[PDB]
Amino acid sequence: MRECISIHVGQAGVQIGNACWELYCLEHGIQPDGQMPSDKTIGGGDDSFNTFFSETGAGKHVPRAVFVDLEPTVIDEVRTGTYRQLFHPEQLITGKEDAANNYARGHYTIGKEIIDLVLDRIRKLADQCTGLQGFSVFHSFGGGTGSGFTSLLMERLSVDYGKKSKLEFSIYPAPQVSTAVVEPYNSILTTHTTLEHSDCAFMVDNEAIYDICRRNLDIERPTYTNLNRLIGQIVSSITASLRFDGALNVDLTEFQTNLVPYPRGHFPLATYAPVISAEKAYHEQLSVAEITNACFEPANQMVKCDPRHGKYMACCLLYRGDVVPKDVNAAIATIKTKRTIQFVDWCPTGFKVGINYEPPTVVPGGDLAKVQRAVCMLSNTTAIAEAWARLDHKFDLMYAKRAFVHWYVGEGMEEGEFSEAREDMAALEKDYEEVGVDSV
Amino acid sequence: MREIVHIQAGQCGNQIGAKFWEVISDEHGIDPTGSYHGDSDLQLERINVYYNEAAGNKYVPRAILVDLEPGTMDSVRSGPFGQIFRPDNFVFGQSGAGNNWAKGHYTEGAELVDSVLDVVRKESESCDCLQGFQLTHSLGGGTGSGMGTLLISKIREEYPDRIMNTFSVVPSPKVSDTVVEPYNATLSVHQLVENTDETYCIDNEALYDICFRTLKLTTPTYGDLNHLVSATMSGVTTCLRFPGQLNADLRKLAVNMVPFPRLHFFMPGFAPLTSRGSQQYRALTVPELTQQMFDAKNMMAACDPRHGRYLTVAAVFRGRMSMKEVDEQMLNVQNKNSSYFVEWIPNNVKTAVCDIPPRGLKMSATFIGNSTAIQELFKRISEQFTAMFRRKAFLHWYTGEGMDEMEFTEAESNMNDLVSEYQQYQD
Ligand SMILES: CC(=O)O[C@@]12CO[C@@H]1C[C@H](O)[C@@]1(C)C(=O)[C@H](O)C3=C(C)[C@@H](OC(=O)[C@H](O)[C@@H](NC(=O)OC(C)(C)C)c4ccccc4)C[C@@](O)([C@@H](OC(=O)c4ccccc4)[C@H]21)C3(C)C
Ligand SMILES: Nc1nc2c(ncn2[C@@H]2O[C@H](COP(=O)(O)OP(=O)(O)OP(=O)(O)O)[C@@H](O)[C@H]2O)c(=O)[nH]1
Ligand SMILES: Nc1nc2c(ncn2[C@@H]2O[C@H](COP(=O)(O)OP(=O)(O)O)[C@@H](O)[C@H]2O)c(=O)[nH]1
């Protein structure tokens, strides 16, 4: 009452919202669904007086809301030919500072200059209403506005709002990707969240999504415009669900503790087990509790985080729509019945389970099912422990090894931003590993 | 708002101007935006107010034009595709055009090289934030070769922040000049080390392979070669500029292809080369499009990249295809090309996609990159230089223009180590 505050960060982020904000399209909003009759663009809901941003209406009628664009590009979309969605004016930032890929750029450089005005927006935004219990950040692991800008925008937000754990989303590099910059680079963006602040984070592994689309759904041809829905939907579960009236409800402060097992920002995985085809025939309906397993399947797995490795840690599962109590208590048991899940040495009935209603929202053919039973696995497993290694083999050789910084220095600091980000994000690797490598 | 600076020099540059730009009332030209959304118009303008800012988008043609010998005046100004514009056009008043780097660069150009400051100023101002400096230019140009390096040098000097984009034309085993060995070598020390951020290649000896292999053309042409390049520029300049789901602004262009400071040079391709008739093969494919983006045969440059490893590969596809599809395909390139990938470097390939396929291809592919191969494009002009100009010397011609042992010796040694330093990667 327990609002979220929704921040975008970059290309990855302005769109991703389009996935978030479209997925909302059911009369909900960040933390205020306290209800609405409007529909559609919301046009038809009325105009009660007003002007830019709406006093007439609550976040409900119009959103939780804050897009940061360091290029008009994606933002022109969301602004684009009143792109079918006018979700408000003046919750967008569009900085024509000319975009910058660099953790250094935008974060140290153009961003500094317009992280403030934004801070101001956030602040005002952080004020109209009550209980904000959440900050959402869409982040990449590559996009200048997403690294330093986010290490900027997460850092200031952590510093300014220590009590409100931030949630941020991620879209991390894997085996394939964009740039050369992103092997390190996101490294840099990884330092910052970290101890700047942050809470639990989530990712969509772009190399996991297009994988799950090829192993679990159908359409190998697919556009990112579609991968956003896989990741878009992750959120709906996280916020729309826990943020809407139901049984066993985890708020954004449930998310922090259930994922967080120790304090070097932790990371999580998202599994959406309902993912049925337009071309499926789920055994008329897909078994509710199998849905749980769907989770563990390495296959729903958003990232290339081979669970193979190690013992999960924190496991937070959010079930929504027509789920049964005896489905959870009794299906969740089962997992902790295989060998494999190998929960950690200090996991104590690790599994956190929430139920939410209504149903699994959906729209359009690109959306798969109308599945009426959902699993969202948010976990902290040792794996993560290896994808950062991956980025760290890249980094020991891409940036530091022989250095790819001459662009980056150009925008700001040398010899840490880099050295510090490797050593601090490094031990992450060692410390992480030691979190789950012996009984001690 | 990432607006844009148009500088066109010499022959290859002014004429090349003719063919880049006309592919634009295709409408996006350089940073307005709009227009191009529901057809219409054409020519050398529209409906508003002039000057300048209607740039390369609605009512105006924005460019900075630099001709040094009234060849670009008459060749396009008049009867041809433009107006241009007035006031935006340089005609050197007979300077007499020069063959020789030192010559419009040190000589007539200085005088004009100053008059090119006024063009740059007015454009710069435009009320938009300029992110490109676009320059056509010619190895062996003197006007272009050594005037383009003058133009480039001040522009890096005054506009450090704004990485220069320069189109290049080169030496291939076939020739113009005889002084082009060394002419483009001096055009070099300045093209590395002269604020030119990234550097395009357009070898005319390689352009033919394309306009004649991929293409059938029965008898190419220098105007038809101007279809080729438009390709290589629109991807860079229009693409990513024009709308887009992962969009790369020009500056992504300078961190993606340079992995270090000395002037990283690239090679670039356009696939959708197609054959008029052959028109019928692979419905604008991606693999199609990936396929054609690496081959030894489809690169629109004078290096055959296969000898060696690329260091950076920037590819861009703007067909409306899967953002999953382009990225999934580019991997396959990377794994049958190891040795073509630089062991440092991960993510050896960047991919960008924009949202409108070139007017009438339906689906597009642009490519960028630096490999180890270029140790070539130069270990050829240098063998040339040491044995040519610097050799038993050919610069009396230039020796009057004002360069004395310098600009030769420095250009070989600085541009040389280029060869060693470049190689350094992956020996
Ligand atoms: C370029 C290209 O695709 O040239 C070729 C020659 O080999 C290339 C492969 C193409 O498949 C082919 C053969 C086409 O069939 C295609 O249907 C087509 C397109 C896409 C046009 O190109 C465009 O409309 C584009 O929008 C093109 N526009 C373009 O070239 O505009 C010019 C004004 C430069 C002509 C462009 C490309 C990339 C970015 C931006 C624009 C140019 C074409 O005339 C044609 O070129 C030829 O027949 C031909 C013959 C000799 C010289 C040049 C072209 C074109 C037509 C209309 C036929
Ligand atoms: N899954 C997914 N990935 C996306 C999407 N948009 C961007 N990305 C990923 O984000 C990464 C960076 O995207 P860019 O658009 O280059 O980021 P940016 O915001 O342009 O980067 P900067 O110019 O530095 O600010 C790439 O690896 C993309 O794959 C999207 O909607 N979905
Ligand atoms: N692609 C292309 N190359 C050209 C054109 N005109 C000349 N060239 C080539 O570029 C070289 C230099 O010519 P030009 O640009 O006139 O030289 P400059 O002006 O004296 O530097 C020649 O040897 C040609 O091979 C043109 O219109 N297009």
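Residues numbered from 1 in each chain as written, not as in the entry; some residues may be left out. Chains lettered and ligands numbered in written order. Heavy atoms only, no water.

**Q** Would you explain the overall build of chain B in this entry?
**A** Regarding its fold elements, chain B presents 16 helices and nine strands. Whereas a compact globule of 427 residues would reach a radius of gyration of roughly 22 Å, chain B reaches 20 Å, a difference of no more than 12%. Along the three orthogonal principal directions, the C-alpha set of chain B runs to about 60 × 55 × 45 Å. Per-residue burial for chain B yields a buried fraction of 62% across its 427 residues. In chain B, once contacts between residues fewer than 6 apart in sequence are set aside, the share between residues at least 24 apart is 83%. Here chain B has roughly 16,600 Å² of accessible surface; of this, 50% comes from carbon and sulfur atoms. Across chain B, the 37 positively charged side chains and the 52 negatively charged ones have centroids separated by 6 Å. (Helix = DSSP H or I, 4+ residues; strand = E, 2+ residues; numbered from the N terminus. Rg over C-alpha atoms; globule rule 2.2 N^0.38 Å. Buried < 20%, exposed > 50% of the residue type's maximum accessible area, 1.4 Å probe, protein only. Contact = heavy atoms within 4.5 Å. Areas by Shrake-Rupley, 256 points an atom, 1.4 Å probe, with all protein chains shown as cover. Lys, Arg positive; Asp, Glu negative; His and termini not counted. Charge placed at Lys NZ, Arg CZ, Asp CG, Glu CD.)

**Q** Honestly, the domain arrangement of chain A in this entry has me stumped. Any pointers?
**A** Where the parts come together, the accessible area they lose is often given as the size of the interface. All names here are of chain A. Looking at chain A, the domain boundaries give domain 1 (1–268), domain 2 (269–383) and domain 3 (384–440). Spacing between the C-alpha centres of domain 1 and domain 3 amounts to 25 Å. Each partner contributes residues to the interface: domain 1 has 25 residues there, and domain 3 has 23 residues. Together, the buried faces of domain 1 and domain 3 total about 2,300 Å²; carbon and sulfur atoms form 68% of this surface. When the area that domain 1 buries against domain 3 is broken down by residue, the three leading residues are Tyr172, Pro184 and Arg264, summing to 26%. Where domain 1 touches domain 3, the interface holds two salt bridges. Between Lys394 and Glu183 there is a salt bridge, with its nearest N and O atoms 1.8 Å apart. (Domains from an automatic or database assignment. Buried area = accessible area lost by both parts, 1.4 Å probe. Salt bridge = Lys/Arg side-chain N within 4 Å of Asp/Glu carboxyl O.)

**Q** Hey, could you run me through the UniProt feature "binding site: Mg(2+)" in chain A in this one?
**A** Cross-referencing UniProt, the feature "binding site: Mg(2+)" maps to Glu71 of chain A in the present numbering. Tracing the chain through its elements places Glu71 of chain A in the loop between β2 (67–69) and α2 (72–78). The residues touching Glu71 of chain A, leaving out its near neighbours within four places in the chain, are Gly95, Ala99 and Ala100 of chain A together with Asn247, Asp249 and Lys252 of chain B. (UniProt positions renumbered as here; feature names shortened; annotations may be inferred.)

**Q** Teacher, can you tell me more about the UniProt feature "binding site: Mg(2+)" in chain B here?
**A** Residues and elements named next belong to chain B. The UniProt feature table records "binding site: Mg(2+)" at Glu69. Structurally, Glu69 can be placed in the loop between β2 (64–65) and α2 (71–76). Judged by its relative accessible area of 29%, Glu69 falls in the partly exposed class. Not counting chain neighbours up to four residues away, the residues in contact with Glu69 comprise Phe92, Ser95, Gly96, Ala97, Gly98 and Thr143.

**Q** Help me understand the site of ligand 2, please; the structure alone is not making it clear to me.
**A** For ligand 2, the set of nearby residues contains 20 residues, the closest of which are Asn101, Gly144, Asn206, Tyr224 and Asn228 of chain A. The environment of ligand 2 is shared, with nearby residues belonging to chains A and B. Contacts to ligand 2 include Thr145 of chain A, whose backbone N or O atom sits 3.3 Å from an oxygen atom. At 2.5 Å, a side-chain N or O of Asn206 of chain A approaches a nitrogen atom of ligand 2. Among the secondary structure elements, those contributing two or more residues to the shell around ligand 2 are α1 (11–24) and α8 (224–241) of chain A. Classifying every residue of the shell around ligand 2 by side-chain character gives seven nonpolar, 11 polar and two charged. (Near = heavy atom within 4 Å. Polar contact = N/O pair within 3.5 Å; in protein donor to acceptor, adjacent residues only side chain to side chain. Nonpolar A, V, L, I, M, F, W, Y, C, P; charged D, E, K, R; others polar.)

**Q** Any chance you could explain the site of ligand 1 here in plain terms?
**A** Residue and element names in this part refer to chain B. As a matter of local geometry, ligand 1 sits amid 16 residues, with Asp224, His227, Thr274, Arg359 and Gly360 nearest to it. One of the side-chain nitrogen or oxygen atoms of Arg276 is found 3.2 Å away from an oxygen atom of ligand 1. Backbone polar atom of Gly360 to an oxygen atom of ligand 1: 2.8 Å apart, as the coordinates give it. With the chains in place, 69% of the 860 Å² that ligand 1 exposes on its own is no longer accessible. Of the residues assigned to the shell around ligand 1, the class counts are seven nonpolar, four polar and five charged.

**Q** Sorry if this is basic, but what is going on with the nonpolar core here?
**A** General note: in soluble globular proteins, nonpolar side chains tend to be found buried as a group. Within the largest apolar cluster, 63 residues are counted, with the highest numbers of intra-cluster contacts made by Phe202, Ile209, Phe255, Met302, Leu378 and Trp388 of chain A. The element best represented in this core is α8 of chain A, accounting for six residues. If you look at the next biggest cluster of nonpolar residues, it comprises 54 residues, including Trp101, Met321, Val326 and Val353 of chain B. (Core = buried A, V, L, I, M, F, W, Y, C linked by side-chain atoms within 4.5 Å.)

**Q** Looking at this structure, how should I read unusual backbone geometry?
**A** Leave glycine aside and you will find that most residues have negative phi; peptide bonds, for their part, are mostly trans. Of note, the amide linkage connecting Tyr357 of chain A to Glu358 of chain A takes the cis form, showing an omega dihedral of 0 degrees. Residue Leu192 of chain B is joined to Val193 of chain B through a cis peptide bond whose omega torsion reads -5 degrees. Mapped onto the elements, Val193 of chain B comes out in the loop between α7 (183–192) and β5 (196–199). Positive phi, close to 90 degrees, is recorded for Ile42 of chain A, a residue that is not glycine. On the secondary structure map, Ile42 of chain A appears in the loop between α1 and β2. You will see that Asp98 of chain A, though not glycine, has its phi angle at about 75 degrees, which is positive. For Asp98 of chain A, the position within the fold is in the loop between β3 (92–94) and α3 (110–113).

**Q** Help me out: how do you make sense of helix α13 (residues 419–434) of chain A in this one?
**A** Note on helix geometry: an α-helix contains 3.6 residues per turn, so any two residues three or four positions apart are oriented the same way. Between the first and last C-alpha of α13 of chain A there are 22 Å, a value that for 16 residues agrees with the 22 Å anticipated at 1.5 Å per step. On the buried face of α13 of chain A, the contacting elements are α6 (183–196) and α12 (384–398) of chain A. (Expected span 1.5 Å × (residues − 1).)

**Q** Any chance you could explain the environment of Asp177 of chain B here in plain terms?
**A** Residue and element names in this part refer to chain B. Note on placement: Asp177 falls in the loop between β4 (164–166) and α7. Measuring from C-alpha to C-alpha, the distance between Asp177 and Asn99 comes to 8.1 Å, with 78 residues separating the pair along the chain. Here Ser176 takes part through its side chain, which lies 3.2 Å from a polar atom of the side chain of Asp177.

**Q** Mind showing me how you'd approach the packing of α7 of chain B against helix α16 (residues 409–424) of chain B here?
**A** In helix packing, the relevant descriptors are the interaxial angle and the interaxial distance, both defined with respect to the helix axes. Residues and elements named next belong to chain B. Contact pair α7 / α16: the axes reach a minimum separation of 9 Å and the direction vectors enclose 60 degrees. With respect to each other, α7 and α16 are oriented oblique. Here α7 and α16 pass one another in a crossing that is left-handed. Of the residues in α16, those touching α7 at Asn184, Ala185, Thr186, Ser188, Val189 and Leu192 are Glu410, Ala411, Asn414, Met415 and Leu418. For the contact of α7 with α16, the residue count by class is six nonpolar, four polar and one charged. (Axes fitted to C-alpha atoms, helices over the stretch in contact; angles between N-to-C directions. Parallel < 35°, antiparallel > 145°, perpendicular 65-115°, else oblique. Left-handed = near helix turned anticlockwise from the far one by under 90°.)

**Q** Any chance you could explain the interface of chain B and chain A here in plain terms?
**A** Residue-level contacts link 34 residues of chain B with 37 residues of chain A. Where chain B abuts chain A, roughly 3,200 Å² becomes buried across the two surfaces, and 54% of that area is made up of carbon and sulfur atoms. Among the residues of chain B in contact with chain A, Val255, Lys324 and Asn347 of chain B are the three that bury the most area, contributing 22% of the side total. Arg251 of chain B is paired through a salt bridge with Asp98 of chain A; the nearest N and O atoms lie 2.5 Å apart. Taken together, the connections running from chain B to chain A amount to nine residue pairs in polar contact. Secondary-structure elements contributing two or more residues to the side of chain B that touches chain A are α10 (250–257), α12 (323–335) and β8 (349–352) of chain B.

**Q** Is there a simple way to think about a negative patch on the surface in this case?
**A** A surface patch of negative charge is lined by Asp431, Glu433, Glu434 and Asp438 of chain A. On the basis of relative accessibility, which here comes to 62%, the residue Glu434 of chain A falls in the exposed class. (Patch = residues over 30% accessible without salt bridge, like charges linked within 9 Å, V, L, I, M, F, W, Y side chains within 5 Å.)

**Q** Looking at this structure, I do not really get the domain arrangement of chain B. What am I missing?
**A** All names here are of chain B. Structurally, chain B comprises domain 1 (1–259), domain 2 (260–373) and domain 3 (374–427). Of note, the centres of domain 1 and domain 2, computed from C-alpha atoms alone, are 23 Å apart. With both chains or domains summed, domain 1 and domain 2 bury close to 3,400 Å², and 67% of this area falls on carbon and sulfur atoms. For the pair domain 1 and domain 2, the interface holds zero salt bridges. Linking domain 1 with domain 2 are 15 residue pairs in polar contact, by the criterion used here. Considering every element that reaches the side of domain 1 that touches domain 2, the biggest residue donor is helix α9 (residues 222–234), with five residues.

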